[PDB]
>>> print(open('final15.txt').read())   # compact mmCIF, N, CA and C atoms
# COMPACT_ATOMS: atom_id res chain seq x y z
N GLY A 127 -12.41 -18.55 25.60
CA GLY A 127 -12.96 -17.35 24.99
C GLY A 127 -12.05 -16.18 25.29
N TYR A 128 -12.28 -15.04 24.65
CA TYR A 128 -11.43 -13.88 24.86
C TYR A 128 -12.17 -12.60 24.53
N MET A 129 -11.64 -11.51 25.09
CA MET A 129 -12.11 -10.17 24.79
C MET A 129 -10.89 -9.28 24.68
N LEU A 130 -10.82 -8.48 23.63
CA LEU A 130 -9.69 -7.58 23.46
C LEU A 130 -10.15 -6.30 22.81
N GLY A 131 -9.37 -5.25 23.02
CA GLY A 131 -9.70 -4.01 22.36
C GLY A 131 -9.01 -2.80 22.94
N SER A 132 -9.36 -1.66 22.37
CA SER A 132 -8.78 -0.37 22.73
C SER A 132 -9.83 0.56 23.31
N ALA A 1133 -9.39 1.45 24.19
CA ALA A 1133 -10.26 2.40 24.85
C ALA A 1133 -9.46 3.61 25.32
N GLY B 127 -13.26 3.06 20.76
CA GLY B 127 -12.14 2.23 20.32
C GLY B 127 -12.60 1.02 19.52
N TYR B 128 -11.69 0.06 19.36
CA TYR B 128 -11.94 -1.16 18.59
C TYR B 128 -12.12 -2.32 19.56
N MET B 129 -12.99 -3.27 19.24
CA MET B 129 -13.17 -4.41 20.13
C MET B 129 -13.43 -5.69 19.35
N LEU B 130 -13.04 -6.81 19.95
CA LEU B 130 -13.35 -8.14 19.46
C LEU B 130 -13.50 -9.06 20.66
N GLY B 131 -14.66 -9.71 20.78
CA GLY B 131 -14.82 -10.77 21.76
C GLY B 131 -15.37 -12.02 21.11
N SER B 132 -15.00 -13.17 21.66
CA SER B 132 -15.42 -14.45 21.12
C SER B 132 -15.49 -15.49 22.22
N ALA B 133 -16.50 -16.35 22.16
CA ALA B 133 -16.58 -17.48 23.08
C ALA B 133 -17.47 -18.57 22.49
N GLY C 127 -19.01 -18.06 18.83
CA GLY C 127 -19.56 -16.86 18.22
C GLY C 127 -18.65 -15.69 18.52
N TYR C 128 -18.88 -14.55 17.88
CA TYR C 128 -18.03 -13.39 18.09
C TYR C 128 -18.77 -12.11 17.77
N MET C 129 -18.24 -11.02 18.32
CA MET C 129 -18.71 -9.68 18.02
C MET C 129 -17.49 -8.79 17.91
N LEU C 130 -17.42 -7.99 16.86
CA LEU C 130 -16.29 -7.09 16.69
C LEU C 130 -16.75 -5.81 16.04
N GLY C 131 -15.97 -4.75 16.25
CA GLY C 131 -16.30 -3.52 15.59
C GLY C 131 -15.61 -2.31 16.17
N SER C 132 -15.96 -1.17 15.60
CA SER C 132 -15.38 0.12 15.96
C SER C 132 -16.43 1.05 16.55
N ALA C 1133 -15.99 1.94 17.42
CA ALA C 1133 -16.86 2.89 18.09
C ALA C 1133 -16.06 4.10 18.55
N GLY D 127 -19.86 3.56 13.99
CA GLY D 127 -18.74 2.72 13.55
C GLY D 127 -19.20 1.51 12.75
N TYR D 128 -18.30 0.55 12.59
CA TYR D 128 -18.54 -0.67 11.82
C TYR D 128 -18.72 -1.83 12.79
N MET D 129 -19.59 -2.78 12.47
CA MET D 129 -19.77 -3.92 13.36
C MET D 129 -20.03 -5.20 12.58
N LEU D 130 -19.64 -6.32 13.18
CA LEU D 130 -19.95 -7.65 12.69
C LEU D 130 -20.10 -8.57 13.89
N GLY D 131 -21.26 -9.22 14.01
CA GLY D 131 -21.42 -10.28 14.99
C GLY D 131 -21.97 -11.53 14.34
N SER D 132 -21.60 -12.68 14.89
CA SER D 132 -22.02 -13.96 14.35
C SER D 132 -22.09 -15.00 15.45
N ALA D 133 -23.10 -15.86 15.39
CA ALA D 133 -23.18 -16.99 16.31
C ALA D 133 -24.07 -18.08 15.72
N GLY E 127 -15.28 -14.71 9.67
CA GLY E 127 -15.83 -13.51 9.06
C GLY E 127 -14.92 -12.34 9.37
N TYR E 128 -15.15 -11.20 8.72
CA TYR E 128 -14.30 -10.05 8.93
C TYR E 128 -15.04 -8.76 8.61
N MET E 129 -14.51 -7.68 9.17
CA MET E 129 -14.98 -6.33 8.87
C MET E 129 -13.76 -5.45 8.76
N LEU E 130 -13.69 -4.65 7.70
CA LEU E 130 -12.56 -3.75 7.53
C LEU E 130 -13.02 -2.46 6.88
N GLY E 131 -12.24 -1.41 7.09
CA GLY E 131 -12.57 -0.18 6.43
C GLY E 131 -11.88 1.03 7.02
N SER E 132 -12.23 2.18 6.44
CA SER E 132 -11.65 3.46 6.80
C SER E 132 -12.70 4.39 7.39
N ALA E 1133 -12.26 5.28 8.26
CA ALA E 1133 -13.13 6.24 8.93
C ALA E 1133 -12.33 7.44 9.39
N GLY F 127 -16.13 6.90 4.83
CA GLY F 127 -15.01 6.07 4.39
C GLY F 127 -15.47 4.86 3.59
N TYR F 128 -14.57 3.90 3.43
CA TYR F 128 -14.81 2.68 2.67
C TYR F 128 -14.99 1.51 3.64
N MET F 129 -15.86 0.56 3.31
CA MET F 129 -16.04 -0.58 4.20
C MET F 129 -16.30 -1.86 3.42
N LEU F 130 -15.91 -2.98 4.02
CA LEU F 130 -16.22 -4.31 3.53
C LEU F 130 -16.37 -5.23 4.73
N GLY F 131 -17.53 -5.87 4.85
CA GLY F 131 -17.69 -6.93 5.83
C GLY F 131 -18.24 -8.19 5.18
N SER F 132 -17.87 -9.34 5.73
CA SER F 132 -18.29 -10.61 5.19
C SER F 132 -18.36 -11.66 6.29
N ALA F 133 -19.37 -12.52 6.24
CA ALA F 133 -19.45 -13.64 7.15
C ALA F 133 -20.34 -14.74 6.56
N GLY G 127 -9.53 6.41 11.60
CA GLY G 127 -8.41 5.57 11.16
C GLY G 127 -8.87 4.37 10.36
N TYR G 128 -7.96 3.40 10.20
CA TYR G 128 -8.21 2.18 9.43
C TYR G 128 -8.39 1.02 10.40
N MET G 129 -9.26 0.07 10.08
CA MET G 129 -9.44 -1.07 10.97
C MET G 129 -9.70 -2.35 10.19
N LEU G 130 -9.31 -3.47 10.79
CA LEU G 130 -9.62 -4.80 10.30
C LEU G 130 -9.77 -5.72 11.50
N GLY G 131 -10.93 -6.37 11.62
CA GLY G 131 -11.09 -7.42 12.60
C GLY G 131 -11.64 -8.68 11.95
N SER G 132 -11.27 -9.83 12.50
CA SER G 132 -11.69 -11.10 11.96
C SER G 132 -11.76 -12.15 13.06
N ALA G 133 -12.77 -13.01 13.00
CA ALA G 133 -12.85 -14.13 13.92
C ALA G 133 -13.74 -15.23 13.33
N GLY H 127 -8.68 -15.20 16.44
CA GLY H 127 -9.23 -14.00 15.83
C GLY H 127 -8.32 -12.83 16.13
N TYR H 128 -8.55 -11.70 15.49
CA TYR H 128 -7.70 -10.54 15.70
C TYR H 128 -8.44 -9.25 15.38
N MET H 129 -7.91 -8.17 15.94
CA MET H 129 -8.38 -6.83 15.63
C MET H 129 -7.16 -5.94 15.52
N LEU H 130 -7.09 -5.14 14.47
CA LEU H 130 -5.96 -4.24 14.30
C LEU H 130 -6.42 -2.95 13.65
N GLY H 131 -5.64 -1.90 13.86
CA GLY H 131 -5.97 -0.67 13.20
C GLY H 131 -5.28 0.54 13.78
N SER H 132 -5.63 1.69 13.21
CA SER H 132 -5.05 2.97 13.57
C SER H 132 -6.10 3.90 14.16
N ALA H 1133 -5.66 4.79 15.03
CA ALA H 1133 -6.53 5.75 15.70
C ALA H 1133 -5.73 6.95 16.16
>>> encode(input="final15.txt", output="structure tokens")
Amino acid sequence: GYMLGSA
Amino acid sequence: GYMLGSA
Amino acid sequence: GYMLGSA
Amino acid sequence: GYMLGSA
Amino acid sequence: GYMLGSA
Amino acid sequence: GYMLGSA
Amino acid sequence: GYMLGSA
Amino acid sequence: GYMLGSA
């Protein structure tokens, strides 16, 4: 599984 | 922001 | 499954 | 924002 | 699936 | 804005 | 801005 | 899967 993103 | 998670 | 989007 | 989730 | 757009 | 989502 | 996510 | 865009 994975989690990605911008903040 | 933008996010994507999957599992 | 997945969840994605903008905030 | 925009969102899409699926499972 | 997908989500796209402008904001 | 403009949006399109599909699943 | 513009965004596209898919999974 | 992927997420892309501008901010």
>>> select_by_dssp(input="final15.txt", residues="chain H", states="strand (DSSP E)", output="PyMOL selection string")
chain H and resi 128-131
>>> atom_distance(input="final15.txt", atom1="CA of residue 131 (chain B)", atom2="atom N of residue 133 (chain D)")
11.6 Å
>>> residues_around(input="final15.txt", residues="region 127-130 of chain F", least_positions_apart="3", cutoff="9 Å", atoms="only C-alpha atoms", output="JSON, numbers by chain")
{"D": [128], "E": [128, 129, 130, 131, 132, 1133]}
>>> decode(input="final15.txt", residues="chain B", atoms="N, CA and C atoms", output="short mmCIF file (atom, residue, chain, number, x, y, z; two decimals), in the first residue's frame")
data_model
loop_
_atom_site.label_atom_id
_atom_site.label_comp_id
_atom_site.auth_asym_id
_atom_site.auth_seq_id
_atom_site.Cartn_x
_atom_site.Cartn_y
_atom_site.Cartn_z
N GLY B 127 -3.42 20.56 0.40
CA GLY B 127 -2.66 19.95 -0.70
C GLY B 127 -3.42 18.81 -1.36
N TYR B 128 -2.70 18.01 -2.14
CA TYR B 128 -3.25 16.89 -2.88
C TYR B 128 -2.84 15.59 -2.19
N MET B 129 -3.71 14.58 -2.19
CA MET B 129 -3.34 13.32 -1.56
C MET B 129 -3.92 12.13 -2.32
N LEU B 130 -3.21 11.01 -2.22
CA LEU B 130 -3.68 9.72 -2.72
C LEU B 130 -3.13 8.64 -1.81
N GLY B 131 -4.01 7.83 -1.23
CA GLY B 131 -3.58 6.64 -0.52
C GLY B 131 -4.34 5.42 -1.02
N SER B 132 -3.68 4.26 -0.96
CA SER B 132 -4.27 3.03 -1.43
C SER B 132 -3.69 1.85 -0.67
N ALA B 133 -4.54 0.88 -0.36
CA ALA B 133 -4.07 -0.36 0.25
C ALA B 133 -5.09 -1.48 0.00
#
